[PDB]
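Only one structure is covered here, and it is reproduced in the block below.
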Amino acid sequence: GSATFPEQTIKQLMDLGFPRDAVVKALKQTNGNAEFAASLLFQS
């Protein structure tokens, strides 16, 4: 199960008002580490 994007955090990042696409783009580059990737997704 290659889930870089953990639903909990996904919804937490979506919780910031983002798309699911944002969890994936950001956590992909950060390899799924929520807080970090949120700050990453923040770029867009």
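Lettering and numbering for the structure tokens are positional, with chains as A, B, ... in the shown order, residues counted from 1 in each chain, and ligands counted from 1 in the shown order.
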
Margin query: Give me, as a ChimeraX atom specification, the residues of chain A that a backbone DSSP run labels helix (DSSP H, G or I).
Written below: /A:7-14,20-30,34-41

Can you write out the residues you just picked, keeping N, CA and C atoms, as a PDB file, in the first residue's frame?
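Generated output (selection09.pdb):
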```pdb
ATOM      1  N   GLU A   7      -4.666   9.659   5.102  1.00  0.00           N
ATOM      2  CA  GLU A   7      -5.995  10.254   5.099  1.00  0.00           C
ATOM      3  C   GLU A   7      -6.207  11.235   6.246  1.00  0.00           C
ATOM      4  N   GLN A   8      -5.840  10.839   7.462  1.00  0.00           N
ATOM      5  CA  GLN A   8      -5.917  11.726   8.626  1.00  0.00           C
ATOM      6  C   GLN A   8      -5.403  13.125   8.294  1.00  0.00           C
ATOM      7  N   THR A   9      -4.144  13.181   7.914  1.00  0.00           N
ATOM      8  CA  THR A   9      -3.471  14.407   7.619  1.00  0.00           C
ATOM      9  C   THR A   9      -4.007  15.051   6.363  1.00  0.00           C
ATOM     10  N   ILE A  10      -4.450  14.223   5.452  1.00  0.00           N
ATOM     11  CA  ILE A  10      -5.001  14.670   4.199  1.00  0.00           C
ATOM     12  C   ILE A  10      -6.141  15.585   4.487  1.00  0.00           C
ATOM     13  N   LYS A  11      -7.014  15.096   5.315  1.00  0.00           N
ATOM     14  CA  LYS A  11      -8.167  15.813   5.727  1.00  0.00           C
ATOM     15  C   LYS A  11      -7.772  16.974   6.619  1.00  0.00           C
ATOM     16  N   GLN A  12      -6.629  16.856   7.303  1.00  0.00           N
ATOM     17  CA  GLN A  12      -6.096  17.927   8.090  1.00  0.00           C
ATOM     18  C   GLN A  12      -5.549  19.063   7.203  1.00  0.00           C
ATOM     19  N   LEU A  13      -5.093  18.702   6.032  1.00  0.00           N
ATOM     20  CA  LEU A  13      -4.516  19.652   5.120  1.00  0.00           C
ATOM     21  C   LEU A  13      -5.614  20.230   4.265  1.00  0.00           C
ATOM     22  N   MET A  14      -6.496  19.350   3.832  1.00  0.00           N
ATOM     23  CA  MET A  14      -7.759  19.745   3.270  1.00  0.00           C
ATOM     24  C   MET A  14      -8.509  20.610   4.251  1.00  0.00           C
ATOM     25  N   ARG A  20      -7.181  17.673  -2.425  1.00  0.00           N
ATOM     26  CA  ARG A  20      -6.531  16.415  -2.122  1.00  0.00           C
ATOM     27  C   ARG A  20      -5.242  16.328  -2.906  1.00  0.00           C
ATOM     28  N   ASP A  21      -5.316  16.928  -4.067  1.00  0.00           N
ATOM     29  CA  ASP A  21      -4.174  17.114  -4.951  1.00  0.00           C
ATOM     30  C   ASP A  21      -3.006  17.777  -4.212  1.00  0.00           C
ATOM     31  N   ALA A  22      -3.326  18.654  -3.263  1.00  0.00           N
ATOM     32  CA  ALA A  22      -2.305  19.369  -2.505  1.00  0.00           C
ATOM     33  C   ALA A  22      -1.576  18.435  -1.544  1.00  0.00           C
ATOM     34  N   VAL A  23      -2.298  17.478  -0.955  1.00  0.00           N
ATOM     35  CA  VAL A  23      -1.678  16.516  -0.065  1.00  0.00           C
ATOM     36  C   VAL A  23      -0.696  15.698  -0.861  1.00  0.00           C
ATOM     37  N   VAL A  24      -1.122  15.325  -1.997  1.00  0.00           N
ATOM     38  CA  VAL A  24      -0.323  14.485  -2.823  1.00  0.00           C
ATOM     39  C   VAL A  24       0.883  15.191  -3.408  1.00  0.00           C
ATOM     40  N   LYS A  25       0.724  16.386  -3.935  1.00  0.00           N
ATOM     41  CA  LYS A  25       1.871  17.094  -4.472  1.00  0.00           C
ATOM     42  C   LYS A  25       2.879  17.365  -3.370  1.00  0.00           C
ATOM     43  N   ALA A  26       2.379  17.794  -2.226  1.00  0.00           N
ATOM     44  CA  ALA A  26       3.247  18.292  -1.204  1.00  0.00           C
ATOM     45  C   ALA A  26       3.836  17.175  -0.403  1.00  0.00           C
ATOM     46  N   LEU A  27       3.039  16.176  -0.100  1.00  0.00           N
ATOM     47  CA  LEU A  27       3.523  15.113   0.707  1.00  0.00           C
ATOM     48  C   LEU A  27       4.404  14.243  -0.170  1.00  0.00           C
ATOM     49  N   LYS A  28       4.125  14.173  -1.457  1.00  0.00           N
ATOM     50  CA  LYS A  28       4.999  13.440  -2.364  1.00  0.00           C
ATOM     51  C   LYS A  28       6.426  13.974  -2.300  1.00  0.00           C
ATOM     52  N   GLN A  29       6.606  15.301  -2.335  1.00  0.00           N
ATOM     53  CA  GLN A  29       7.946  15.836  -2.341  1.00  0.00           C
ATOM     54  C   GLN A  29       8.587  15.746  -0.960  1.00  0.00           C
ATOM     55  N   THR A  30       7.748  15.773   0.051  1.00  0.00           N
ATOM     56  CA  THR A  30       8.181  15.650   1.439  1.00  0.00           C
ATOM     57  C   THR A  30       8.141  14.204   1.938  1.00  0.00           C
ATOM     58  N   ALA A  34       3.263  15.227   7.215  1.00  0.00           N
ATOM     59  CA  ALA A  34       2.117  16.138   7.167  1.00  0.00           C
ATOM     60  C   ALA A  34       2.464  17.612   7.311  1.00  0.00           C
ATOM     61  N   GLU A  35       2.965  18.004   8.474  1.00  0.00           N
ATOM     62  CA  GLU A  35       3.179  19.376   8.786  1.00  0.00           C
ATOM     63  C   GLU A  35       4.076  20.056   7.793  1.00  0.00           C
ATOM     64  N   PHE A  36       5.067  19.318   7.415  1.00  0.00           N
ATOM     65  CA  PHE A  36       6.065  19.763   6.479  1.00  0.00           C
ATOM     66  C   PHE A  36       5.463  19.990   5.121  1.00  0.00           C
ATOM     67  N   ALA A  37       4.690  19.028   4.684  1.00  0.00           N
ATOM     68  CA  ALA A  37       4.123  19.075   3.380  1.00  0.00           C
ATOM     69  C   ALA A  37       3.028  20.117   3.284  1.00  0.00           C
ATOM     70  N   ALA A  38       2.317  20.333   4.369  1.00  0.00           N
ATOM     71  CA  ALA A  38       1.359  21.416   4.448  1.00  0.00           C
ATOM     72  C   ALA A  38       2.045  22.726   4.148  1.00  0.00           C
ATOM     73  N   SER A  39       3.224  22.890   4.723  1.00  0.00           N
ATOM     74  CA  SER A  39       3.981  24.115   4.577  1.00  0.00           C
ATOM     75  C   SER A  39       4.547  24.167   3.179  1.00  0.00           C
ATOM     76  N   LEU A  40       4.590  23.000   2.562  1.00  0.00           N
ATOM     77  CA  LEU A  40       5.013  22.874   1.220  1.00  0.00           C
ATOM     78  C   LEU A  40       3.860  23.233   0.317  1.00  0.00           C
ATOM     79  N   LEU A  41       2.687  22.651   0.578  1.00  0.00           N
ATOM     80  CA  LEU A  41       1.559  22.824  -0.292  1.00  0.00           C
ATOM     81  C   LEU A  41       1.170  24.285  -0.280  1.00  0.00           C
TER      82      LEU A  41
END
```
